[PDB]
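Neighbour counts run over all protein chains shown; Cβ positions are idealised from the backbone, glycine included. What follows draws every value from the coordinates through simple rules; no lab data is involved.
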Amino acid sequence: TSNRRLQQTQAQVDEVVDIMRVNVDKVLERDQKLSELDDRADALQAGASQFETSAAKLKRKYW
Amino acid sequence: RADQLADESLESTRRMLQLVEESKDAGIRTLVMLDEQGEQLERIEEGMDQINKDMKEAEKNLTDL
Amino acid sequence: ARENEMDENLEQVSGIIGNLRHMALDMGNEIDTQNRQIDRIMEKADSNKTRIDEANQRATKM
Amino acid sequence: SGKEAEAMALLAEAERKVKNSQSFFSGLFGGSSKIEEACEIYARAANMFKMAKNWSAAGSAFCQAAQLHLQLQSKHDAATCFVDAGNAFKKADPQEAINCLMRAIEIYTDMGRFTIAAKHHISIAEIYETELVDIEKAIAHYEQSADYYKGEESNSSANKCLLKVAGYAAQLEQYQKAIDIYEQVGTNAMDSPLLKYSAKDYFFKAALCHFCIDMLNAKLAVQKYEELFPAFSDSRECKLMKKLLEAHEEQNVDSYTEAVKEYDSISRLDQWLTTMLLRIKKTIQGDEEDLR
Amino acid sequence: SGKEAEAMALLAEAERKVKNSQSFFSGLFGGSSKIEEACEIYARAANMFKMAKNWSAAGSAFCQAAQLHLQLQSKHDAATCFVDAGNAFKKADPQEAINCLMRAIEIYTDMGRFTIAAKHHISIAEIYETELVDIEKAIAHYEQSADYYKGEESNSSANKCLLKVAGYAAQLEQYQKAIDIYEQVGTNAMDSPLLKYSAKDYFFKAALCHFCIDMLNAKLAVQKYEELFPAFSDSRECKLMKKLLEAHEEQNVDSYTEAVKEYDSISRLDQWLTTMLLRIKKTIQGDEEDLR
Amino acid sequence: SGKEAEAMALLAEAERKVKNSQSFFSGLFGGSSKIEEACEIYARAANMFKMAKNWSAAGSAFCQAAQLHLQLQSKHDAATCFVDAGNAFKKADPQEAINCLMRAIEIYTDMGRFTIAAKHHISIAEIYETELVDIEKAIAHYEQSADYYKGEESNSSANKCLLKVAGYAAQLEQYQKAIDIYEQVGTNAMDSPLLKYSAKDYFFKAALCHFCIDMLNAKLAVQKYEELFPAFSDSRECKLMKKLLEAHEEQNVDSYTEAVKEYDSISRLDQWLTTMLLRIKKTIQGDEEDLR
Amino acid sequence: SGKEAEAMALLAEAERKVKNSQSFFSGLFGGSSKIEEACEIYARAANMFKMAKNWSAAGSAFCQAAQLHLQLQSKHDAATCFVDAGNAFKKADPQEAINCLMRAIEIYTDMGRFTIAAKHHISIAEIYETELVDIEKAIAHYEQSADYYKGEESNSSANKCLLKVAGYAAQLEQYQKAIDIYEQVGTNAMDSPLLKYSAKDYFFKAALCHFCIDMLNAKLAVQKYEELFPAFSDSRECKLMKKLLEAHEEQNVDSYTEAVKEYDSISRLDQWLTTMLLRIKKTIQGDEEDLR
Amino acid sequence: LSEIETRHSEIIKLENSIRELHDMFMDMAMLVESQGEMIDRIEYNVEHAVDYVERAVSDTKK
């Protein structure tokens, strides 16, 4: 309503940036945590798809 | 100049909220999207377990192999 | 009507930022829960690869 | 692309798996299978087309490879390559895309996973929105998919499906259906700390759905019912837009565009919300010709 | 739903697994099991009800299937389908929901995972908040669950559990319990760069918990103790609300609603914070009748 | 580092796997393999260099270990340790980094996963941007990688790749290529609720790409075509920057820096956008010497 | 807790695995192991203490169970339960916590995963910050851990480690070390669209590290070097705080608190930044006693 | 003059502040969706490898 109630908001948007100055760090790290979890959980498939296949290859003398 | 400044301040304060009502709907978009990823992250945690335990018994059965 | 709406916008602007921090504060918290939640998935999907990699040769030579 | 269509699709990808020894033989072996050998050599065969960007000939080789595991009666090993045809035919004939994905669903139904099935019920509905434009068929796919998410407890991710089945039903004049979805979303939105400030966006769409031909006169009975639970959704001016719109509904129909002129400036409305107001703007001119 | 209740629940899902050859036989085999065959055919049987949306008959088939693996004494294969009944009976009889989930916990206890157990101790407490409204039973489930999160080092996700056990204890007149949780959260909140600007929201609830019948007179002794560590939580006006409320506590009781009129406008208070002020507003009228 | 280069790389990591019994023997066994024993003892051998931070000698042991599974003709078990050399040689000779990652791609091509391949096509392009600075080679890697993301339906993550192939093509004077990418991003950006307020950033780059030597005179024909779909991108002043720049293009060339003086203050421009305006600022002085 | 300390820790959890048949026997079997039976019955034994909240007796049973797989020479199966003791002894004797986690590292070193190792090098450093307060030992753990993240390409998550090793080195008077970390973070921060507006926070700490006893006179040579690359970090008033602080460094030492009075109001400084200014405020009084 | 020239030239500092704030959300709301597809290609990728082990766990105990 004047200069003083502006400087409420002027300090308040300064908090929102800061708060978000923390927030861009946390949202960044999980980016690279998943993009490396891509290679873990897809080698997990080709580790498991190769596995059974070798256990489809292990079903001998079953009779 | 004085009247103009007020006029300038009008198109200032108009685009001021129009920058910051604009910041709100992206603020609410991430909150819908982040919480939606929570149950994306929930299925992987539950899945990993069954992704491990059912899979895990097969390691115990290796003595049969 | 000029200095009125400057107030009447900065009244409703401060009616947004008192909410806009609010909603951005949970966003600063909701990620923190998920960073722990990926972290449970992280080492376990690291273990589940290592267990199967032990078991592959125990199904390859078998 | 990539050394002459990837060796002209590997010279038809090793002579189209022919000389498979009839692909059926019971003389020597009675307990063996060359069909299992025919899996990888014909799944690799489909893979070479995507290097050559021949998606039409790609999924045609996935489906028989998907038929091959169905011939070997391994269930899951067929399903994950039907979808590799369904992902293939999206940049191809979409009618072949949707039914191959539809054939992929019934394997996942009796498998034990509806999450995968509900993911493809919205993937088949993505095709109905973009290429084969048939909206009411996509309605039954979203409505089926949201039943799977509610069956698997994901009440948050159900809504992102369940909004669009209410979204497309709005312009298809199926309001009294869609007016319940926005109500049951918003009633289940105010109760949570997450989605609380999003909840006022839903009830504004919900009150907007009270404009069939009826209950614009009982708009007061709408908004008093919208007063009831969520404390005017803490009295956002988006609902105050409707409040001045109530007394607008009788007279001064030129102020309709004036009412949104002070709203489209402060918040750029989208093409959904534009048409829904414009169809009201057609009906409010019936009050104009009544005044004459 | 889905071709006549999914073939009327698959015509009772293949004659209710009968002709299992007594489901017990020691003549031919002494080292085999048809019980393992009875697992999938009866776990698929429970799955067909969720297509027909018969959740009451769904989990009744999960529990015997969960009893099946318990009959086969296989660890890690009974527990994951107790919860599939516990997820089933939520849109059904909730007393059958909570104890089947309760039976699912003790398998996960001696398994090696408390994260899974603490997830269901709040899932059983979700039922106590919504359908079978019994608050103090939910208190012991949240308080037990937070012990598991602290045992597994997740101090961040412990609090989201541990707030609600302090939240519901507030209106249950268990302040001196709950006044320590908000203190130990906020003391462990100011020390981190995360949660630092959230920490002022806790101490305002914590000072609000100093209004049992006592220590509203020693509110100065509260807030000087709240002065002590976090530098007035960098002096937010939310604590300045309490500062003018201190001198309010003696006289001019009509200014209580005036004090929140300048606060509910700037920040829309919720139904928790409304009642906690209103119960103070009842007790502050005891100072009004003392003045007479 | 870590007890004398980790025991001086474990004293060359157990005598460089020698005494492998020729690493080939057909006398005793015809159906066994000491090569499989030579996998882990030589993959652990590469691992000890990263403790000693000898990345140049690290990946040299990964590649023969990657050759070892290729010798054993297990496909995927070789691929995941080529990349462990490719991750190793980044803080080493980058030409050995890029081709070992390039050898890792063709295993993932015929494997069934292009997501892993497109991740490394941008990883090899990360090396071309930082150490072996060769921009137009990185163009063909990004352009190939975006073809994989579009083939695997990830239209969102395709753009983060596809922007940079349009980004680096801008200063390489390949505008008419890059002018289509920013158009096809922005046309596919306005249609979504996500990326809608990001879309105005793209068309400003897209109209900026209409400054080859040509169509700065037809800038009006640019912006009327940019008027056409997205309603001036709800008329952001970033496009109004271009609007005053249109009449600027004839006379008063000193106002170019004045036009960005009122724009760099309100929004700090980056080094990409600086040079693109500056190369226009060179061409606009051709209009200055025409005026003489 | 939970039925009398979980049956008084299950009556010492099945008589402390005794009657293991000597836990060693070569008469009947030469190719079998009861040690593998002793794994689960003694890993479940450690699990029962966490239900009874006896963490001191919990990890004592994990370590011999971790010794048991080391006795069976299965590497990874021992490592994941050392950390279950390391997670156990955190609410116990921390010196037993840190070395058991330290014993868990060397298994993960030669395993092929440094991500898991770098996660525990900061977990062991969490104990050095909170309970066994020894800061310079935690410095070598963070500095070792950041070497693992840089070795595994995670340049973003390396910094969150690498800030704290520069953070604690600041009050330990190791400036010229720590002044390079904030420089190499901020130089590698301005080049990205992410972290760009965070980068001005680092250089303000970096210029603050130029106050050993020296280069406060050459603060102009600091800030002109800080002028050089990032265009005054687009001239934030946080650097303008340093600009008026330059002429402050000669005379009028009372204006130091006045300079932060206009800065702590607009931005509440933390206890790190408070002490670093206060230690300058001690050294600036040496200029006051020189003036006398 | 000076009663608003002092004031309005400080209002421009507020709009110069929110412009720093506005570009950070749109980059963040880009980045969450940019992560929101990596979280999809884990999801059904896990749902693959669950079944390959589920096909394994029935066969291995035989």
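Neighbour counts of other C-beta atoms within 10 Å: give me E:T109, G:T257 arranged from fewest to most.
G:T257, E:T109
Quick one: B:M33, C:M42, fewest Cβ neighbours within 10 Å first, how do they rank?
B:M33, C:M42
Quick one: Cα centre-to-centre distance for the range D:58-114 and chain B, in angstrom?
Cα centroid of the range D:58-114 versus Cα centroid of chain B: 32 Å apart.
Using helices alone, what [θ] at 222 nm do you get for chain D, with -39,500 (n - 2.57) per DSSP H run of 4 or more residues, divided over all residues and rounded to the nearest 500?
Counting only the DSSP helices, I get -22000 deg cm²/dmol.
Counting chymotrypsin sites (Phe, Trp or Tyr not before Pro) as exposed when in a DSSP loop with at most 14 other beta carbons within 10 Å, what is the longest stretch of chain D free of them?
That would be D:30-292.
Counting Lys +1, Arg +1, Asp -1, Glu -1, what net charge surrounds H:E20 among other residues with beta carbon under 12 Å of its beta carbon?
Neighbourhood net charge equals +1.
Hey, got the average number of other protein chain Cβ atoms within 10 angstrom for residues in A:3-15?
Per residue, the average neighbour count from other chains is 6.
Using a Gaussian network model of chain G with C-alpha springs under 10 Å, which one of G:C161, G:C209, G:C39 is most mobile by mean-square fluctuation?
Among G:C161, G:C209, G:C39, the largest GNM mean-square fluctuation belongs to G:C39.
Where is the GNM fluctuation largest for chain G (alpha-carbon springs, 10 angstrom cutoff): G:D201, G:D234, G:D180?
With Cα springs under 10 Å in chain G, the top fluctuation among G:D201, G:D234, G:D180 is at G:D234.
What is the sum of charges around A:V24, taking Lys and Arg as +1, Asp and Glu as -1, for the other residues whose C-beta is under 14 Å from the C-beta of A:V24?
-3
According to the square roots a ≥ b ≥ c of the eigenvalues of the Cα gyration tensor, what is the shape class of chain E, taking rounded for a/c under 1.5, prolate for a/b larger than b/c otherwise, and oblate for the remainder?
It comes out prolate by the Cα gyration axes.
Can you tell me the FRET efficiency between G:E4 and E:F24 if r is taken as the Cβ-Cβ distance and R0 is 30 Å, rounded to the nearest 0.05?
The computed FRET efficiency comes out at 0.20.
Which value, in debye to the nearest 20, gives the size of the charge dipole of the range F:66-159 about its Cα centre, when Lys and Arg are +1 and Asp and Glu are -1 at the Cβ?
Here the size comes out at about 240 debye.
By counting other Cβ atoms within 10 Å of each Cβ, how are F:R268, E:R292 ranked from fewest to most?
The order, fewest Cβ neighbours first, is E:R292, F:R268.
Quick check for me: using +1 on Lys/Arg Cβ and -1 on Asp/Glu Cβ, what's the dipole size of chain F about its Cα centre, in debye to the nearest 20?
Once rounded to the nearest 20, the dipole reads 920 debye.
Angle between the Cα long axis of helix H:40-60 and the longest principal axis of chain H, 0 to 90 degrees, nearest 10?
20
Select from E:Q171, E:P230, E:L10 the residue farthest towards the positive end of the dipole of chain E; place +1 on Cβ of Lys and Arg, -1 on Cβ of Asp and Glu, and compute about the Cα centre.
Result: E:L10.
What are the trypsin sites (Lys or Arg not before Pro) within chain B that DSSP puts in a loop, where the Cβ has at most 11 other Cβ atoms within 10 Å?
Here the sparse-neighbourhood loop sites are B:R1.
For the range G:6-127, just say rounded, prolate or oblate: build the C-alpha gyration tensor, square-root its eigenvalues into a ≥ b ≥ c, call rounded for a/c under 1.5, and beyond that prolate if a/b exceeds b/c, oblate if not.
oblate
Taking each label point as 7 Å beyond Cα in the direction of the beta carbon, state the distances from E:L269 to the same residue in the other copies, shortest first, in nm.
Result, one decimal in nm: 3.7, 3.7, 5.2.
Which distances in nm, rounded to one decimal and ordered from shortest, link the label point of E:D191 to the equivalent label points in the other identical copies, with labels set 7 Å from Cα toward Cβ?
3.7, 3.8, 5.3
Partner chain Cβ atoms within 10 Å, averaged over the residues of E:45-57 - can you pull that number for me?
Average neighbour count from other chains, rounded to a whole number: 2.
Taking a ≥ b ≥ c as the square roots of the eigenvalues of the Cα gyration tensor of the protein assembly as shown, is the shape rounded (a/c under 1.5), prolate (a/b larger than b/c) or oblate?
rounded
Going toward the positive end of the dipole of the protein assembly as shown, with +1 on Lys and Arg Cβ and -1 on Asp and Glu Cβ, which of F:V253, E:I280, C:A24 do you reach last?
Value computed over the given set: C:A24.
Do any trypsin sites (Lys or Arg not before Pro) in the range F:5-50 lie in a DSSP loop with no more than 14 other beta carbon atoms within 10 Å, and if so, which?
Counting only loop positions with at most 14 other Cβ atoms within 10 Å, the trypsin sites (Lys or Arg not before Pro) in the range F:5-50 are F:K19, F:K34.
For the range H:2-60, with the dipole built from +1 on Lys and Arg beta-carbon atoms and -1 on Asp and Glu ones, taken about the Cα centre, which of H:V32, H:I11, H:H48 lies farthest toward the positive end?
It is H:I11.
Net charge near E:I284: determine it from the other residues with C-beta under 11 Å of the C-beta of E:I284, scoring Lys and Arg +1 and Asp and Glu -1.
That sum, taken over residues with Cβ under 11 Å, equals -4.
List the distances, in nm to one decimal, from the label point of E:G286 to the label points of the same position in every other copy, shortest first, placing each label point 7 Å from Cα along the Cα-to-Cβ direction.
For E:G286, the other copies' label points sit at 6.2, 6.2, 8.8 nm, shortest first.
Pairs to check: E:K17/H:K61; F:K19/G:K150; D:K19/D:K91. Give those whose C-alpha atoms are more than 29 Å from each other in this structure.
Flagged as over cut-off: F:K19/G:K150; D:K19/D:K91.
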